[PDB]
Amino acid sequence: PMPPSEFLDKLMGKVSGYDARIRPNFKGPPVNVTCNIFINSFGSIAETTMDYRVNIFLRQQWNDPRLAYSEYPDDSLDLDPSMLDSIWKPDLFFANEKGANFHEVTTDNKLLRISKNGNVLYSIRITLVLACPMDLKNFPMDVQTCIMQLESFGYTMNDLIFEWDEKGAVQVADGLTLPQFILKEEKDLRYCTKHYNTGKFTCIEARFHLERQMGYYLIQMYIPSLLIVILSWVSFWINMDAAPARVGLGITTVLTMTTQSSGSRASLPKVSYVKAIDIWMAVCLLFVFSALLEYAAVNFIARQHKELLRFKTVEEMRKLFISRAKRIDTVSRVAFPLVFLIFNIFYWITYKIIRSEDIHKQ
């Protein structure tokens, strides 16, 4: 029978001794805050500035003794979010972030629900440009581990304690997909406490293990390099007397291998360690460069042939240099793709075992 306006100005009134600046149960045990997040959107992962953009529904549960009411019989009592000025919302800030803008569209995207015993549910929707450091030791295949840290500002560990939720940890939205990565099902909850000269502060963090998909990099980078190496193999069947043809074919394959290697590393930060694509493009470039060196040795042997022919064992030395120049081409035509196939299976199995070692060590 009681009207709701006096009831919802009674608990936050200045005739009441609420004092929203003062934390609950002052001069006592620390407040325990339970947090669960809901990943609404995850994406826009950029490697060159090492950050990613999430959309989260940050839900914070804490108990306030002064907010308890015994008049109304309903337990939930969902409230309007405009009177969220004097409730004592806890301070929370993300340790590694940029941006972090609120959503003010059509209303402030906020949820306030005060239970009968004093439990408060506080939900806010925020997009954060979270910055995570990434390791690029293996660029085509890798398991990145993005770190999201939630800690407090201005309340030490003896006054405010942040804890993860027990029923579930992180709720991902159904149907959420990433175009370049695959989000793993398990998520780590390791809370570490940062120490500062001012004091220690409560901090909880969650880790997402991101598997990079290998379907795009196989089409864009691995197959055109094989096309270039196969073309340099095609140069072996051409006639050895046709010098501009073989020289031009080999030179253009080396040039396009260099430009392809320079263009695949363009969308990457300037890291100072050797990656896997470096190894792949280096061995492919070495293969086309060795093909050009093989033709240069063949044409040098033919040069020695032509100088000793035109100005005495001349016939059998002509035979020896033509037979040797034919033997080099005949053994190269078999030896080049076989050693390339050996390198391919060795590289692929060692990266398969180091990828499985990364997924086993985690």
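The term rigid core refers to the maximal set of C-alpha atoms that superpose within 1.5 Å between the two forms. One rule holds for the numbers: they count along the sequence shown, beginning at 1.
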Which segment is farther from the shown form on average in 8 other deposited structures of this protein after a rigid core fit, 339-347 or 18-26, going by CA atoms? 339-347
Rigid core superposition result in 8 other deposited structures of this protein, more deviant of 141-149, 216-224 by Cα: 216-224
Please report whether at least a third of the other compared entries leave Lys306 without coordinates. yes
Hey, does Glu315 show up as a hole in at least a third of the other compared models? yes
Going from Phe311 to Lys312, the deposited residues skipped in the model number 10 or more
